[PDB]
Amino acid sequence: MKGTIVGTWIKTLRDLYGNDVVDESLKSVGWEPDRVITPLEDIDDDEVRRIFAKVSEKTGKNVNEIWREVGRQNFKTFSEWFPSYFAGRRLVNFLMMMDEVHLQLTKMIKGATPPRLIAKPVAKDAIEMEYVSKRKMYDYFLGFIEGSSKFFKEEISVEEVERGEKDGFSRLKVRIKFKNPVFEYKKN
């Protein structure tokens, strides 16, 4: 996992559960509690997993619930640190651009393998987005979408319609519905 994202996870964990929970969790995997994570270094996926398991242990929270909360709050943490990607006007266009943004990172950044996020308009007020990953971060994905709403200041409802694993991939399709319409039909 790239330092960019893991660094935001560590800060977000602190904002949610405080410095002691985090310091101990990092110490438990052999990090300095005050480790400065750089954007382009690589962090072992399993060390992140063990860190989050420690947070779970020390907070009595299910890890999936932690990931859900981290997702929501991390949208803020991440958008503040990497603003270039979060300056658009409309949530819907942001969401539609995400598959290409991730694809560009896969292409151009060594060691980066973000998930597919193919989005598809399905109604004048809704899009379908499908998370497809070799990882499985269903709850983080859900929380991050929810965090995007608070940032663009646009109300949405997020409805999960499909979940499952096939051929090595975790897959989660959500239907994102906007209070106010965002598409109109146009002749082919």
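Start at 1 with the first residue shown and count on from there.
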query: Given 151 to 159 and 133 to 141, the range whose Cα B-factors average higher in the PDB entry; finding: 151 to 159
query: Mean C-alpha B-factor comparison - 172 to 180 and 17 to 25, higher one; finding: 17 to 25
query: Top Cα B factor in the deposited entry, candidates 106, 74, 84, 93; finding: 84
query: CA B-factor placement of residue 35, once the chain's modelled residues are sorted into thirds; finding: highest
query: Chain-relative CA temperature factor third for residue 61; finding: highest
query: Residue 69 by Cα B-factor - lowest, middle or highest third of the modelled chain; finding: lowest
